[PDB]
Structure formats: structure tokens, C-alpha cells
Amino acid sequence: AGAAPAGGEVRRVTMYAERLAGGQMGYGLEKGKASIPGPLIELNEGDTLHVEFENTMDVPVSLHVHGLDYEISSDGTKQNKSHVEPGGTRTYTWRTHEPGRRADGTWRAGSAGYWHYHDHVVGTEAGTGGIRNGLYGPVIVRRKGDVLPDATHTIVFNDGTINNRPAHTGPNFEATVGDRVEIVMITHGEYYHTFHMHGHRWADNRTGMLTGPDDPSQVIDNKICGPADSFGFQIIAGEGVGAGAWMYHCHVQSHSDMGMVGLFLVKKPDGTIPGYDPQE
């Protein structure tokens, strides 16, 4: 609800790749608690994260991150020998940095943004099978003073599924009118998609919010995305539109018909959702 602090901490987490039911694989922070999508990793600009990574599987797996600073030995590719053999262990190091003026007078961009990590080694040296099986997760890097949300939810279009779930099964998210909700939106696989939210909109820039009246960024409620794109935004749940079962879906028509649909359930402060009949 406040603002992101300045970074600079050194953080440590243990991560596991495990098989799940149905031929799927997931990352998790504790043995037996892997999920799809993987756990959310949140860092402030300047932080260093060491991932003590254990592969509990019987096939090689890796961890590759978009956006952040990492040396070649934390690449997560077979090519640079930064994959993890079955039963093996590896320490991955992710660094982040603040923006700032260089000596040549140019502006060096910071790490802040909506990013993601995924496998690069299962199935093919591009991770095609590992990604398909669920080896993916979100990474948020915040800049000093960024508005922090009340809740963050992660939406992944993975080929024809949302979060590797069966068609027509959400996921659904709940909020109360006035909550500041953050959506992390990641795409993977073979297909392009368009992400659409009923009754809400956002700015097409780093944070999803206009910086002020001078920000010329387009305001949208529909965004085309391709494999390994990531973006995020913050909305005020129900702002100007009120409570109800607000649909989000891919707007590619056949994807919508296949079941790439979910609900943003926005409740009144008394817990009620007007008009909501879940048999409809």
C-alpha cells in the first residue's frame, strides 16, 4: 500500500524443480510445494538474489531469467553449461541495478519492470518442453518510490491455456471495490494472443499508470502479446464502474471460444457481487 524502498539487499532463496501430476513440472520454494506459475520473486533495484537451485527431477532443467543482470554462468543454457543435471544443485545469481547517468552522458536504464523466469533446457535447448510443462514464473523489480499494490495476480497465456489449467476453469481472482490490484501478464509458447479486461484499462508503459498529465502513453484495454512477452499494470478495482463479475479473456476469437476466459470478481465492501450467478 506504500512505496517501494531503495534496494541494495542481498537475498537468498531455495528453489526446486519438481514433476507434478499430468506430465507437468513446476518450480517451488519448498520441496513438495511447486506450483504453476512458479513463485513470485519481488526485488527492489539494487538487490542481489542468490537462487540455491535443486533439480529433483530425472531430466536436466535450468533457470533463465529475463530482464535482470546475470553473468554468463547464470545464463541457464546448455550452451554455456549453466543447466542443472538430475538431482544436482546450482547457485544462480541475479543482480539488479538503478538507473543513472553514464560518463558518455547517456541515461542507463534500470532493472525495474515486469519480467519472468523459465526453463531453457527441457525438451529442447530452447526449453520448449519445459515451458509447455509449466516451468515458468514471474519476477517483479521495483524502482524506489513505485506504488505498491494491495494484491498481485499472475496471468500466463501458455499456448492455448491460462496457467496450464484446463479450458473454462479461470483462474478467478477476487478483489473489493477500491483495491489497488496488480496484474503480471506473461505469454509463452507458439501463439500470439491479445489480453482484454472488461471494465478496466491501463497505460501502455513501464508501470501501467500514467506518470502525470504529460505522459503521452496510449491508454488501452487490449494488448497484443507474443511468446516471452511480459508486462504489468495496476488498476483500482471497480473504479468508475463498480462491483460485478468482470471478465478477462484472450480476444483472439477462437481462443476465447476454446476457454481462455476468467473472472475478476469485484465485491462491494459488504462482500456482495451484484448480478453474479455462477451458472451463467
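In this text, residue numbers run from 1 along the sequence as written.
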query: Mean C-alpha B-factor comparison - 119 to 127 and 186 to 194, higher one; finding: 119 to 127
query: Between 96 to 104 and 145 to 153 (mean CA B-factor, as deposited), the higher; finding: 96 to 104
query: Among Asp215, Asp221, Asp229, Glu54 - the residue whose C-alpha B-factor is largest in the record; finding: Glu54
query: Identity of residue with top Cα B-factor, from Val181, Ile162, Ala203, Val84; finding: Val84
query: Chain-wide C-alpha B factor ranking for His50, given as lowest, middle or highest third; finding: middle
query: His249 - Cα temperature factor, lowest/middle/highest third of chain; finding: middle
query: Modelled-residue ranking by C-alpha temperature factor, third containing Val59; finding: highest
query: Third of the chain's Cα B-factor distribution that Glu30 belongs to, per the entry; finding: highest
query: Third of the chain's Cα B-factor distribution that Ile72 belongs to, per the entry; finding: middle
